[PDB]
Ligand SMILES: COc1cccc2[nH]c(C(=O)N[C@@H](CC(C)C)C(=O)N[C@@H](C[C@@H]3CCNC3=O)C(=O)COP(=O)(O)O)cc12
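Here you get one chain, nothing else, as C-alpha cells; it is the form solved without the named molecule.
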C-alpha cells in the first residue's frame, strides 16, 4: 500500500494568504472574511524587539502604516486591534474565497499541515507535530512569520497554529488564532530555552501498528507486560507515559492486526532496551513519533 508523512492539501488556505508590511517589516497574514490576522510583532523593528511594549508601540501606529497586499492587488485597512500576540486588521473587503473555517487550539501531541509563505506567496507544505515542550521541528526562514498550521476535517478548515519566532535551539514557537502562545513563550529576543523534548509515545505505537499492516513486522515479540511496567521502562528513555485513553484510542488498530496493545508495548519496550541493531521499520532507523492514530487510520 505504502506509508509516507503526509500533509493535507493547501488550496483552501492558499486562498487566505496575504502579505503585510509595517515600515521595513514584511511578514505573512491570513485573510478571513473582513479580517486579516498576523503576528503582532510586525510593528517592531530590531531595536524594539528586545523589550517591546506592544500597548505602547501600537499607540503610535496608524491604519496608514499597514500595507496589506492580496497578491497583485492591495487592500485598505480600516481599524487595528491587538488580541494577545495576534493583530486583527479590519479591511474594506471580505475574502471572496473564504471557505468553511474554524479556529482550534491543538493539544501537545497532535499533528497538522504547515504552509510556509514568503511575502504572502506560499512556497511549500509539510506535516508537523506539536512537541511535548510546545515547539515544532519546522522549516522557517526570515519572514516565514505569519505562516500557518492547519488541518482539514470534512470540508472545514481547522486553523491551529500561526508562527512567530524561531528559538536559539532552532525550533519554532507561535500561537493559535486566539493569539495565545503554545508554551511559556513570548515574542521578544531574551534568552528563551525550551524544556525537555520527549517522544510522543502513543504516536510511535500507532506507527508500529502502521508498520505491521504494511507487512513490515520483524520487530514483533511474544511478550506481554503491564502498563505501569512498560511505563517504568519508557520514561527512563524520555518518553511520554501512556494512559487508558491512549490504549482506547489505539483500540481500532489492535483490532485490524489481532495484536494486543500490551503485547505491542513490550515489543516497543524491547527496541528501547536493545536498540535496532541497525534495522529499519517502514524504512526508518529512528522511531517515528509524528503520527497520531487518526493520521494513520485516515491513511488507510
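Numbering follows the first chain given and starts at 1.
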query: Between the two ranges 157-165 and 74-82, the one averaging a larger CA B factor in the entry; finding: 74-82
query: Between 185-193 and 135-143 (mean CA B-factor, as deposited), the higher; finding: 185-193
query: Most elevated Cα B-factor in the entry, residues 211, 94, 117, 128; finding: 94
query: B-factor third for the C-alpha atom of residue 276 within its chain; finding: highest
query: Third of the chain, ranked by Cα B-factor, where residue 175 sits; finding: lowest
query: Lowest, middle or highest third - CA B-factor, residue 243; finding: highest
query: Ranked against its chain, the third holding the CA B-factor of residue 89; finding: middle
query: Ranked against its chain, the third holding the CA B-factor of residue 40; finding: lowest
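This next part talks about the form deposited with the named molecule bound, which is not shown.
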query: Contact residue in the deposited complex, chosen from 79, 168, 195, 124 - any heavy atom within 4.5 Å of the named molecule; finding: 168
query: In the deposited complex, the one of 231, 26, 254, 65 near the named molecule [non-hydrogen atom within 4.5 angstroms]; finding: 26
query: Partner proximity in the deposited complex: residue 134 to the named molecule, non-hydrogen atom cutoff 4.5 Å; finding: no
query: 4.5 angstroms heavy atom contact with the named molecule in the deposited complex for residue 145; finding: yes
query: Touches the named molecule in the deposited complex: residue 105 (any heavy atom, 4.5 Å); finding: no
query: Interface membership of residue 187, the named molecule in the deposited complex, 4.5 Å heavy atom rule; finding: yes
query: Heavy atom contact within 4.5 Å of the named molecule in the deposited complex, the stretch among 107-115, 68-76, 168-176, 216-224; finding: 168-176
query: Contacts with the named molecule in the deposited complex, stretch 108-142 (heavy atom within 4.5 Å); finding: 140, 141, 142
